[PDB]
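Step one of this worksheet: look at the structure below.
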2 protein chains.
Amino acid sequence: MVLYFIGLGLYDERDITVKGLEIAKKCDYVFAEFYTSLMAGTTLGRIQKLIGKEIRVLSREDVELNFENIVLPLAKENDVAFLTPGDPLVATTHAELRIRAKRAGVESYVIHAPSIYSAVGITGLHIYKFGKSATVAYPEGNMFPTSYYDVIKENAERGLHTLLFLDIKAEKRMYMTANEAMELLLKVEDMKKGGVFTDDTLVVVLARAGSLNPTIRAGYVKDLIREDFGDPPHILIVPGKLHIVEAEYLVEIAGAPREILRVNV
Amino acid sequence: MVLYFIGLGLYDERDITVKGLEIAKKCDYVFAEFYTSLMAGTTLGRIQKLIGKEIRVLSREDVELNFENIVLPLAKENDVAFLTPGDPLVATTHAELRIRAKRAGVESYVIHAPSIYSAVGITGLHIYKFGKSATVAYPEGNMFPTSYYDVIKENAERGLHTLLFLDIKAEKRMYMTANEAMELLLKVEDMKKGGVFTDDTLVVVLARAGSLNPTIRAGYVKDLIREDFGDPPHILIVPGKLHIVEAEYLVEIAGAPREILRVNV
Ligand SMILES: Nc1ncnc2c1ncn2[C@@H]1O[C@H](CSCC[C@H](N)C(=O)O)[C@@H](O)[C@H]1O
Ligand SMILES: Nc1ncnc2c1ncn2[C@@H]1O[C@H](CSCC[C@H](N)C(=O)O)[C@@H](O)[C@H]1O
């Protein structure tokens with residue numbers, strides 16, 4: 001009669017909340033999906049061991065096409081949990097699943113967990129200053145769209161930061177690196193010439209947020225584009241106008257060029 | 001030699017992550033601050049019991065003025081944890097504390113936890129569509145500023161959602177309700193007349209995110225301004241142009257007026 005959407009966290013199996021773990025252990029059946037985001041520090045094995053229950057993994061089709069056929073039926077009679085990386089409902093399509101639950105007469109509750117949206121706070125950039133977010137899609141075709149570049153421009157003009165998720169191809173095990181996002185954006189800049197993403201643009205890279213020692217680096221594209229930020233996942237941020245304290249943290253904590261402290265008030 | 005910034009979550013003591021709990025239990029000393037945000041479902045007692053250690057609570061002055069005198073000294077010799085509501089570093093000033101740690105020769109690590117920034121995903125609004133965020137300050141003086149109203153206008157024009165934190169006075173135990181934020185914003189609208197926040201404006205209220213049964217309601221101000229959303233904390237959101245799926249979720253899950261499904265493409 002109850003379905004619980006439980007977030008697993010960002011890195012490993014301990015990034016789930018105590019509330020999430022306890023509820024999962026009390027559920028008759030436990031499902032999960034691992035295709036929406038990469039959790040670099042754990043496996044299904046470790047997660048299953050932590051919960052002490054076998055977990056039925058669902059594929060993208062299982063979810064998008066047969067969630068109401070696979071999960072909900074059982075949810076009508078028992079307590080069922082559905083696990084996902086990060087925060088359960090931060091994926092554009094996860095929310096709709098709550099609708100299918102309601103319509104099937106199943107009550108649902110959401111158990112939050114660390115998300116990259118809030119975790120970016122560890123970059124020192126003020127969270128309230130972030131504008132619209134976007135994803136740097138993997139280019140497909142000789143000619144491809146670049147709307148994510150327009151989002152950066154739109155935010156930057158308002159002096160707002162831009163969070164950029166980097167595309168992934170789970171089945172192919174392909175995870176776009178910050179380097180690839182930069183290479184790609186520099187090319188878009190030559191084509192659009194908006195002065196939005198140049199060799200001299202200050203950017204911030206956050207790799208493996210959630211782990212104890214993530215890579216946090218800030219600097220000009222020309223300097224970071226060849227830098228190794230470790231294993232994926234990577235996130236790229238294009239800051240808008242910095243507050244002195246933001247810049248202080250980027251210099252002190254992320255190794256940013258000292259000149260960014262001269263924010264030209 | 002190590003300082004851990006550990007997030008406690010949004011509602012109760014189980015909103016901390018398993019990683020956070022385990023690390024806290026291994027720390028020689030545990031500090032915390034509870035003034036930045038209200039955790040409506042727990043107490044210091046319950047948190048202390050969960051961790052199994054006495055917790056030295058620090059005041060705003062203890063932190064802002066003497067963090068390097070109270071916490072860091074011990075952090076230099078032992079493993080020390082600093083607990084905070086929600087996500088440790090989502091407070092504009094918390095990040096700077098990592099700087100004081102570095103400068104004192106103390107290594108620090110951040111343990112994330114549920115945050116209201118990501119938790120708003122439970123409203124069905126696409127997280128990437130949120131623009132700049134703002135706080136509805138408690139009015140002080142016969143005449144007072146209302147920059148938060150300008151943030152809404154700026155986002156709305158771009159068709160972006162606006163997340164609005166509501167002010168609190170911890171010592172006074174005063175927590176601004178969504179009703180009070182609405183009353184206040186309607187008054188600002190008469191004065192500024194930007195057509196940004198009217199009787200007919202669609203708004204979303206999220207109360208006690210993190211608890212198992214939070215209040216999620218969407219509707220026109222004229223209809224919600226007199227509605228009771230339960231105990232604090234409350235958060236107010238002014239959606240921009242809705243995607244059909246966003247509207248579908250607001251109607252189905254938050255009881256929004258069916259007419260919002262007619263988004264006037
Ligand atoms: N540990 C991590 N470190 C850096 N970036 C991460 C990350 N985890 C996720 N991301 C970014 O976010 C993308 C997934 S989008 C889904 C986010 C998830 N629903 C949440 O609540 O956070 C990843 O492809 C990557 O772009
Ligand atoms: N449980 C909750 N439900 C609704 N709003 C909440 C909430 N917890 C916090 N908020 C909102 O966020 C404000 C605190 S701002 C600090 C946010 C915290 N650092 C985090 O990581 O989330 C509260 O005053 C209220 O405006």
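Following the order of the structure tokens, chains are lettered A, B, ..., residues in each are numbered from 1, and ligands are numbered from 1.
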Q: Report as an MDAnalysis selection string which protein, DNA and RNA residues come within 8 Å of ligand 2, using only C-alpha atoms and all ligand atoms.
A: (chainID A and resid 118) or (chainID B and resid 7 9:11 36:40 84:91 113:117 135 164:168 175 206:211 214 232:235)
Kindly assemble as CSV a list of the chain B residues that lie within 7 Å of chain A, each paired with its nearest atom pair and their distance in Å to one decimal, using only C-alpha atoms, sorted first by chain and then by ascending residue number.
residue,atom,partner,partner_atom,distance
B:14,CA,A:19,CA,4.8
B:15,CA,A:17,CA,5.5
B:16,CA,A:17,CA,5.5
B:17,CA,A:17,CA,3.8
B:18,CA,A:14,CA,4.9
B:19,CA,A:14,CA,4.8
B:89,CA,A:121,CA,5.4
B:90,CA,A:121,CA,5.3
B:92,CA,A:126,CA,5.8
B:95,CA,A:124,CA,5.7
B:96,CA,A:249,CA,6.6
B:99,CA,A:252,CA,6.6
B:109,CA,A:212,CA,6.0
B:110,CA,A:212,CA,6.9
B:112,CA,A:114,CA,5.6
B:113,CA,A:114,CA,4.8
B:114,CA,A:113,CA,4.8
B:115,CA,A:118,CA,6.3
B:117,CA,A:118,CA,5.8
B:118,CA,A:117,CA,5.8
B:119,CA,A:112,CA,6.6
B:121,CA,A:90,CA,5.3
B:122,CA,A:89,CA,6.0
B:124,CA,A:95,CA,5.7
B:126,CA,A:92,CA,5.8
B:127,CA,A:90,CA,6.4
B:128,CA,A:133,CA,4.5
B:129,CA,A:132,CA,5.4
B:130,CA,A:132,CA,5.6
B:131,CA,A:131,CA,4.1
B:132,CA,A:131,CA,5.0
B:133,CA,A:128,CA,4.5
B:134,CA,A:128,CA,6.5
B:210,CA,A:112,CA,6.8
B:212,CA,A:109,CA,6.0
B:249,CA,A:96,CA,6.6
B:252,CA,A:99,CA,6.6
Q: Can you check which residues of stretch 17-174 of chain B DSSP gives as alpha helix (DSSP H) on the backbone and send them as a VMD selection string?
A: chain B and resid 18 to 26 44 to 51 60 to 70 72 to 75 94 to 103 116 to 119 147 to 157
Q: Excluding residue B:63 and residues on its chain fewer than 5 positions from it, collect all residues at most 9 Å away from it, counting only C-alpha atoms, and give them as an MDAnalysis selection string.
A: chainID B and resid 33 58 68 70:71 97
Q: Rounded to one decimal place, report the atom CA of residue A:51-atom CA of residue B:54 distance in Å.
A: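 Calculated distance between atom CA of residue A:51 and atom CA of residue B:54 is 28.4 Å.
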(Q) Let's see if you can do this: from backbone DSSP, list all strand (DSSP E) residues in stretch 2-91 of chain A, as an MDAnalysis selection string. (A) chainID A and resid 2:7 29:32 56:57 79:84
Q.
Using only C-alpha atoms, which protein or nucleic acid residues come within 12 Å of residue A:187? Drop anything in the same chain fewer than 2 positions from it, and give the result as number ranges by chain.
A. A: 139, 144, 146, 149, 180-185, 189-199
With a distance cut-off of 7 Å and only C-alpha atoms, select the neighbouring residues of residue A:82, excluding the residue or stretch itself and same-chain residues fewer than 2 positions from it, and output the selection as an mmCIF file with C-alpha atoms, in the first residue's frame.
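Full text of around_15.cif as output:
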data_model
loop_
_atom_site.group_PDB
_atom_site.id
_atom_site.type_symbol
_atom_site.label_atom_id
_atom_site.label_comp_id
_atom_site.auth_asym_id
_atom_site.auth_seq_id
_atom_site.Cartn_x
_atom_site.Cartn_y
_atom_site.Cartn_z
ATOM 1 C CA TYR A 4 9.014 4.934 -0.848
ATOM 2 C CA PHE A 5 11.281 6.907 -3.190
ATOM 3 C CA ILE A 6 14.676 6.751 -1.451
ATOM 4 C CA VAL A 30 13.236 -3.168 -2.920
ATOM 5 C CA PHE A 31 13.722 -1.881 -6.464
ATOM 6 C CA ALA A 32 16.277 0.539 -7.879
ATOM 7 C CA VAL A 80 7.920 -1.175 -1.420
ATOM 8 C CA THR A 84 17.891 6.001 -7.031
#
